[PDB]
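Working notes for the structure below.
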Amino acid sequence: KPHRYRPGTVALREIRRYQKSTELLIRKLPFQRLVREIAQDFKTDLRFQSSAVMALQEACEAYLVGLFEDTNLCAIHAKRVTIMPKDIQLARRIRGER
Amino acid sequence: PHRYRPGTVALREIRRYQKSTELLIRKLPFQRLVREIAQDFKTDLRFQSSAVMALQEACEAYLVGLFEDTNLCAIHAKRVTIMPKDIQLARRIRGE
Amino acid sequence: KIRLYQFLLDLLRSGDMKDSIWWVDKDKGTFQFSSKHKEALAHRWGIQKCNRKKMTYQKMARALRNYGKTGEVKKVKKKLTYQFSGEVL
Amino acid sequence: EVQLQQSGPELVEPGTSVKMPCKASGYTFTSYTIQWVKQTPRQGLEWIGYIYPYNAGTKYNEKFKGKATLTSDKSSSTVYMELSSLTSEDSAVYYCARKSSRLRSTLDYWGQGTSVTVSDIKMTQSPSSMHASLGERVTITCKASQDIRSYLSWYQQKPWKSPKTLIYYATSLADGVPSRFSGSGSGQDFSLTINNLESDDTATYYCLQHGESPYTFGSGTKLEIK
Amino acid sequence: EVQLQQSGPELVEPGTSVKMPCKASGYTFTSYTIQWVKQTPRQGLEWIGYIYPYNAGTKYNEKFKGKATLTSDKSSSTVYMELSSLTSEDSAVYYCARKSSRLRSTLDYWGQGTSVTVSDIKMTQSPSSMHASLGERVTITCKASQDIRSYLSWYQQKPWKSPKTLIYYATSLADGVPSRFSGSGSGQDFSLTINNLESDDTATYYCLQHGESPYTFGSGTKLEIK
Amino acid sequence: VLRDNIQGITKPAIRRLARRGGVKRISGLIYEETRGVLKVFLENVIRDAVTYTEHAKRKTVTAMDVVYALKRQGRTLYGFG
Amino acid sequence: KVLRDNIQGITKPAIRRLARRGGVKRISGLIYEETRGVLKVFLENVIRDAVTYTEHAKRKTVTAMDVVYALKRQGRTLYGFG
Amino acid sequence: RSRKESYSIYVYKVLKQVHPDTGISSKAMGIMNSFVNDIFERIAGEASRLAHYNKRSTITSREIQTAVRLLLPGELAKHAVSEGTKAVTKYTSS
Amino acid sequence: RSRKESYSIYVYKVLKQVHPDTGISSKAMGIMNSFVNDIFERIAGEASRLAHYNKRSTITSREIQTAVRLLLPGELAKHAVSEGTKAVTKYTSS
Amino acid sequence: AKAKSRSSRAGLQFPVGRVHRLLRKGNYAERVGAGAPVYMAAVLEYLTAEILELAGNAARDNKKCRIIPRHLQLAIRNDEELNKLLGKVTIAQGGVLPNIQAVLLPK
Amino acid sequence: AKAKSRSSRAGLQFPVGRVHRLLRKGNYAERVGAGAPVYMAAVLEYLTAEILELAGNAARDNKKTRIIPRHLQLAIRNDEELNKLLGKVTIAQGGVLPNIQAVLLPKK
DNA sequence: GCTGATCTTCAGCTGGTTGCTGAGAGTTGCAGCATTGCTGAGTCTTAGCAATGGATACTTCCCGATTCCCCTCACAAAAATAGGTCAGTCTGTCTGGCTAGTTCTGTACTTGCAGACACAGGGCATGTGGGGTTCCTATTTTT
DNA sequence: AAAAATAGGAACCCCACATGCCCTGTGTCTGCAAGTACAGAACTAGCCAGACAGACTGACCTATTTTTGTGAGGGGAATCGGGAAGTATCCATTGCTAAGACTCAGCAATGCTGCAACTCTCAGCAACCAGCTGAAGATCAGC
């Protein structure tokens, strides 16, 4: 019988680890490709500075992390521990985005 | 005698007050409250009538929006009764 | 402006809501108000003018009496009837 | 980019009800009202109604109330129209078109048309049909019944195809239309002019007013080239 | 306006535990740390630790680690201190004082003191006690051990009363303090001067530093008038 | 000197504000929380407005000062100038 | 070239890491698509504003300072890029 | 007694042009005055920032067009840009 | 070579004044540069608005002090006001 | 020659000269271009016309003679673009949109 | 006469002259007072000093002798006034505060 | 419930290194100094209005007690689903080089905007009137 | 007799409309610098390419979390009637805000100069990485 961790403790370990570090949590190349694809619909043959893509990534990580904190608060309000799309929608509606 | 079942009169009130536009707080209590609050900052202050009117309208709008957010939070938790915890959650998410 | 007798002419010429005001002699211009629906006619006049208070047939009729000085609308001795002058016809 | 997808042809016996979708993509779904237009060969195009997905607000043609009901599905970015009590005089092509909430805008993009078959302001398009060669001037007039403050649009419909917008606000060129097309006029008289014709320009041209609550199309104008 | 309420004296037998509140009112509760200071006749004022209600952050004096535990209650704006295993040398007065999170700020407002009776940087005050007439000049020196970048404050404590702030940042007059009190000095040498004297000025003056993590007080100076 | 005037925002008034917001059922503890949040909001706005009047060397708070305070708190108000 | 289907590049573990940094303990299986949509909307807004700023300058390269302006314009001030 | 200089007469002219019969109250008049002032301030400030970023010292119709594009959402920006372009073209011909 | 003209050297002087033995990274240097620029823009813009509101054409230390009171929260405003007043008083004595 | 307002030259109702003066005295730039006041006056006129037409339609739908703040609020809040443009704006005497959550409604 | 910097005259480390130039050229007012740049420089210097001291303390408690963006974030987010001042500000490579909700922790 | 053994992770120490920070040399652009003038801001006085305070009568709402109903909350069963492992696979990353398309810099210059001034018409404040509206009482015909 | 209809005096309201005036927007001319067209330098972002290690992915099983059904009880809603404020309006007072005139101190504008701040560079060291070891904590029996 191999050693197994009960569900929940590895999640708390990951929370502790990722709340202590500051690196970008999304791979750089997929994000840059996504940014280029999105920009394709506003102007053809655009060019991006590397620092521009880095600033976009920093903004996106910060926004998503804050939204996830709000989503966690909403989920806890509903007597849950599992975040669901309804929590995201409620947080974004109260924030004024929807 | 006749008695309305609970929630019917409340729904009538919701329909009625969402249709009108006058201030829902009496003017004199709000004027007294505003003067009392301003007493802390500067003594012997003075208020234009339009100043108190603008303050009252801003307060009504803010409280109504806050109550809409509170109601959304309460519905999220499978309830129809708003509680202080919903107000707190709405204010926390708004960033206040 | 003077839109009151314009109102009284328009609905009669268009055949609108004959239950309150209607014709018996278009040539001379006389017409008869209904003793029952004249309140509805007065209210419809008041909503068009968009006044503050709902007007009664009394306040409506008070206006026609000033038309006699100018001559557009005059009152003859016959219950619920008036008439335009020839010029405004 | 902007696309309004519809369903295929419907074979429906009289007396039943049918619902067709208008799945939309390529734009912010809640910012544009989805308008529904029916087209019969004997009454041209008639405006049915519209739905505003932002608040699910509707407004139907007075001659279509009860017969048609519009529903909005925000999650799938789809709008359905439900027609009840399908009479024999319902066999027509039903178009769903995108129109912005701005009064100046018009029905810019159209669906492919769902062919359903069952087993006030008046627009006057004075010239019914004309013949011309490959290089002349042609003018179409859309004399109106009441006045409309330049709230008139010009549409081009190739046969068995969805109508294509040419002029909106009675003077402004649509998106991608060449400057050959030119509209003018205001009040009650409006005009459409084509600079130089081609074999492509043969189609039917309609003028739509949206200055008042029931939108009314024109009688149509069949243009023939050489 | 700003007021920090405290409980009355409590008699406790040794070996037990005690807790006293610091109900605070008149300001944004979470914006100011609450610092706890104990005063004994044989040690004078001694810093215990603070708690930051904004994030429940705490920081304890090393010699009081384990002995004291600080808790905050955001709902009632109260801060509690718990002493475990009350040893005989704990019969003293425990003060709770308000201090902003700004480094320049000091312990500005104090609680009345709960007389609980049971059954580094060395900060040197040169004049232990002095006498003066009704209108002379007095000067109190507060030479420090290490270097503090003007993070020194002066306090006046009437007998059987909570201390009152006079100078913060080694030169700035505190709120309500008349310009008779004047602080000076920086680095390791500091001075407090009183130009005009009154019968009120009969009190014990302490100089407190908060440039390094363990806050330390001076020995005090008993100043007597006539 | 005026005191305890936050009690002037009565329970029925708060119920009316909730009704305009679409609230059907209201708990018994909502009223004190609403009074607290209203007091906080009013204190912020009034402090900014009084700062604006004091800068202009005036002793009367005008509608412009309240409008400016609300605008600088991201709560733009129309109709008072 | 032409880029297509790159929002899928924001993989499931990446979203899980982002949620963990937010203190989320349990994540539903439908969260990932919703997060992808939200991120796409946010990116579209910011990139459109940045491209407008670049276009006004008669440039063809989106500089980092344009992104900073676009974010600042939306109440999302960013420090560390200018 | 200082000639307050509002926007009321121009808004009233526009209203009578677009709805010849309906009137407007004083409260709505003041609200629309505030709306015009607010939109003016927003567009002018954003155009000022645009000129500052590009090291320009003058605000031109290009700056105003970019500010309109950045501030108005959806078809509002498109129609406002069309109106401004048409007005400037007409003014240029004098 | 364009003489970017940042605030780096002054921030380094302040850092050496408060923490004599502590350095700072380039990323933190740029972040503090951005912070200084942001705060300068905020205070200057709000002071300009204050001057415009009172129909004044000049920005004085009074406008800056009122701006500082309006945008800085809590004791930050008090200590910034004290610092500014001290600096102006010392500068006046030359 | 005969005086001609710049608004008349541009074919507008809003004052181009007043907008130019406000731009010049508003501390926005060292110089102001010739066409900038015309452009921004046209934009302001367009926005005013759109809002006023929507408010007038709302007033007529309520069978009222005059536009009151309630009609302006109804016009703005019922349009998503206008709501986004005026999201953080409070309208005096405006009230709120009639909206009741479906859960509160009885079966 | 020998040139004395206005910063030195005011006892400051921030550039009073550069601040004055930015105020004059920044499209804020028709004119700028003499003491306005001094006041502005003093306020900016105080703010940067406070943030830098808090960040340096955070670095020292982390046993580091160099301030990085993480230390700046820790200094700001742990202060309520600084957090309120920079509530809508994102700091690159600053991370987030360590915060776990109580109900997510195991009970026993 | 109370520890106990086992396994995994995290924290701390020590040596090699490595890329990043701080300081020095060259320089150049902008801050400081010294005049000159003139206008925006400070000071006094007073007109003029709006805020404050009190009174009175009327209307509108608020507060406390009762009843009861249906919503919230506790709890158990089920049934949905997410998490932890693992084998296999696929992709991001790092390295460096080459264009080549884009950005930056310097000149000549030209075109449009600020400044000055005369002046006249647009816009603001205040007034006057038509076409009613409202309000209360009395009078003369019909039902 | 009774009620509907009719007159009428007397304030009053809304929307044009007219009028006086004054100050600000327009017309005209001049000077000059902000911005542009062009050419050439330089610079940096996109593309290519190969390996490879570690992140990602899908299946599987299980535990643990969420959902559903049920019931009790008590919290809040509905009601009501008397009293307590609120409100409208009217008058008097007062005080405080700004207009108008007057004056002059501070700030813009200008030119010259010198030194402080920028760029470029390179040495050295704080931080990072790898390896190792010890403490703390999670997990599964077990008495």
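In what follows, every chain begins at residue 1, and chains take the letters A, B, ... in the order their sequences are listed.
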When heavy-atom pairs shorter than 4.5 Å are enumerated against chain G, which of H:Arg62, H:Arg56, H:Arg49 gives the highest number?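 Most heavy-atom pairs under 4.5 Å with chain G: H:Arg62.
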
Give the member of H:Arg69, H:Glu63, H:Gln65 that has the highest number of heavy-atom pairs under 4.5 Å with chain G.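 Most heavy-atom pairs within the cutoff with chain G belong to H:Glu63.
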
Determine the interplanar angle of the G:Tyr53 and H:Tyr53 rings, folded into 0 to 90°, and report it as parallel if under 30°, tilted if 30 to 60°, perpendicular if over 60°.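 Tilted.
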
Answer with yes or no whether the side chains of G:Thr63 and G:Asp66 bring together a donor and an acceptor at under 3.5 Å.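 There is such a pair between these side chains.
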
Proximal component of H:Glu46, with respect to chain G [non-hydrogen, under 4.5 Å]: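 Only the side chain of H:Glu46 comes within 4.5 Å of chain G.
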
Side chain H:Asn33, main chain H:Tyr7, donor-acceptor under 3.5 Å: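 Between the backbone of H:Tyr7 and the side chain of H:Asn33 there is a qualifying donor-acceptor contact (under 3.5 Å).
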
Non-hydrogen side-chain atoms of H:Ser82 and H:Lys86 separated by less than 4.5 Å: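 No, side chains not in contact.
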
Tell me, for G:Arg73 versus chain H, whether the close heavy atoms (under 4.5 Å) come from the side chain, the backbone, both or neither.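 Only the side chain of G:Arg73 comes within 4.5 Å of chain H.
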
